[PDB]
Amino acid sequence: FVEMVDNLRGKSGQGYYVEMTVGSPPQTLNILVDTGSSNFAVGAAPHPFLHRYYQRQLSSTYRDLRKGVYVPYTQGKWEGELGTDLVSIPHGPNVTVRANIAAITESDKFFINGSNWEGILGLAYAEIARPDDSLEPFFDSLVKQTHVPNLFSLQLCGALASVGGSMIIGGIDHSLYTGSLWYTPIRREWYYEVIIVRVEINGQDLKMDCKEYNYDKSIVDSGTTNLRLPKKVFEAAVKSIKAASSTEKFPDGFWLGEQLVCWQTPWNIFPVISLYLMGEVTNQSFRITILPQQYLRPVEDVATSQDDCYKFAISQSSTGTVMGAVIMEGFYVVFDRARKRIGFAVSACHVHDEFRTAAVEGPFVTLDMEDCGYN
Ligand SMILES: Nc1ccc2cc(-c3ccsc3)ccc2n1
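Analysis parameters
- Residues numbered from 1 in each chain as written, not as in the entry; some residues may be left out.
- Heavy atoms only, no water.
- Helix = DSSP H or I, 4+ residues; strand = E, 2+ residues; numbered from the N terminus.
- Buried < 20%, exposed > 50% of the residue type's maximum accessible area, 1.4 Å probe, protein only.
- Polar contact = N/O pair within 3.5 Å; in protein donor to acceptor, adjacent residues only side chain to side chain.
- Contact = heavy atoms within 4.5 Å.
- UniProt positions renumbered as here; feature names shortened; annotations may be inferred.

Structure determination for this entry is recorded as X-ray crystallography, at 2.4800 Å resolution.

If you want it as structure tokens, here you go:
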């Protein structure tokens, strides 16, 4: 897996991408790695923000599926033409597979003006593929057509500053993490859904009905930046973070992500956040702990300010909990599809000081963990 280490690149706030090839001869494309969706979809027309795009006319192995796909999101959309072709990952396993590909022919607020990627690799399950679950996602195709084991893992390292990481396809690289992996079950194979059973700020329990933590979902998502929390949970978490960091006060807007706060930096004033996840065994949980250096993100994009402005990277949501980069950059994350589970271990590349560290600890006893799932 040494050939796969450090195969992820990107710019701060613009996602992680991996080099891929599509068609014959191979066409090189940078593709966003997204555990939050299930479509392999690439730009196929000269959108002026794109460095490169899939040219179907140049591929001898392209096959038309004679079907369109329309994908709206909250903000905008993407739209495309479904087909198949041969796909490779130059810094992945030495294999070539026939995969479904959405050729994107129209988009709005999908591509990022200024980024170095031209497509998306949805790593989640068939159930949330567009237009329906008959469209087999890339990873399913990879496992069916080769001996590549049914798992992948992600080390997202963070630092517009350049970001880096590793996607290890088909296994686990033990030098990307310290301590032991701890596994939480995949509750259902659609998103990577898991169950949060307890939340603490600075070891202080939030004491909420644990069903609020997973209302209506909790998911692991490499395609989101923030730790997103349901509004009711976010409201309590914010109140508790504010009380923990009394030493200095901040306007309501900052906590709401409506404005930035700037220095010329004190980490100790801010609390650690702990999430307890359902463990592998009846009545057993474990906890993941992140620092302010994960949830307080630098903004370098500030043109009207030559100070160190930060964004509060926890926000409200109506789609459930989203464990985004705020969480994932603390940990080596194993997506163990073979055994319907997700593993977490302290990341060897995570940003920390000399007083506190990201942590993965257990076992703990936690009763009635079933009840924390929304139905
Ligand atoms: N993990 C995520 C989060 C947000 C996403 C939004 C889009 C999209 C589609 C049409 S416009 C924007 C696609 C994939 C996404 N994956």
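1. Let's talk about the side chain of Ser88
Structurally, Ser88 can be placed in strand 6 (residues 77-88). When its relative accessible area of 17% is taken as the criterion, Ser88 is described as buried. A distance of 3.4 Å separates polar atoms of two side chains, one belonging to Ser88 and the other to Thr96. Residues within four places of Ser88 in sequence aside, it is in contact with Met20, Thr21, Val95 and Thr96.

2. Some remarks on the UniProt feature "active site" in the protein chain
Mapped onto the present numbering, the UniProt feature "active site" falls on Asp34 and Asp221. For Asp34, the location among the structural elements is in strand 3 (residues 27-34). Every residue in contact with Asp34, bar those within four places of it in the chain, is listed here: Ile120, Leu121, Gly122, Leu123, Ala124, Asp221, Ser222 and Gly223. Here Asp221 shows up in the loop between strand 14 (218-220) and strand 15 (227-230). For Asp221, a relative accessible area of 8% translates into the label buried. Here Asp221 is in contact with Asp34, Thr35, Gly36, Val322, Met323, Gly324, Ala325 and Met328, once residues within four sequence places are set aside. Polar contacts involving the side chain of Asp221 include one to the main-chain amide nitrogen of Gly36, which spans 3.1 Å.

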